[PDB]
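Heads up, the chain below is alone and in the form deposited in one PDB entry; it's given as structure tokens.
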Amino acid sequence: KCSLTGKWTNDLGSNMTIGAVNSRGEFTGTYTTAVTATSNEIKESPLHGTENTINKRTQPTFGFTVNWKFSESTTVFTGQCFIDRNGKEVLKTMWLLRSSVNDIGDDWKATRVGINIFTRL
């Protein structure tokens, strides 16, 4: 079965640690990003997410939110826990990074879209 619980690392170099996901399929962890869109000083931020358990799947669909402690932005990732053809766990995730604009008119450019493959760290 693919499991979210553990230390992971991604193609960018950010590390993330998810804990035991309870019955409700919920979990928490911490995210130490390696890069930032803000020239602010990076700090390990909290992560609180959730995984799907409808048909107690082996390679479950999930999604979590990162509360950025060093910026006013938020980031959400959705992905799936896969067991790659080489027998190892990989998380293919896609994210949306929302920035904080002032007047509602600037909103058209407050969202970035990207990829991230997390491997067991």
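Position 1 is the first residue in the sequence shown; the rest follow in order. Here, rigid core means the biggest group of C-alpha atoms that superpose within 1.5 Å across both forms.
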Going by the entry, of stretches 10 to 18 and 99 to 107 the one with greater average Cα B-factor is 99 to 107
Of 79 to 87 and 35 to 43, the stretch whose C-alpha atoms average the higher B-factor in the entry: 35 to 43
Check where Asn67 lands among this chain's C-alpha B-factors and tell me if it's the lowest, middle or highest third. highest
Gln59 CA temperature factor, ranked by third within the chain: lowest
Against its chain's modelled residues, does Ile115's Cα B factor rank lowest, middle or highest third? lowest
Please place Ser73 in the lowest, middle or highest third of its chain by C-alpha B factor as given in the entry. middle
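The same protein also has a form deposited in another entry, omitted here; what follows describes it.
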Residue showing a 2 Å-or-more C-alpha displacement between this form and the one not shown once the rigid core is overlaid, selected from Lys69, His48, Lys56, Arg85: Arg85
Core-aligned, does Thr30 move its Cα 2 Å or more between this form and the one not shown? no
Output row for the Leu12-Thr38 CA distance, |change| of 3 angstroms or more in the other form, reads closer
Once you account for a change of 3 Å or more, let me know if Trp8 and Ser39 sit closer or farther in the other form, using their C-alpha atoms. closer
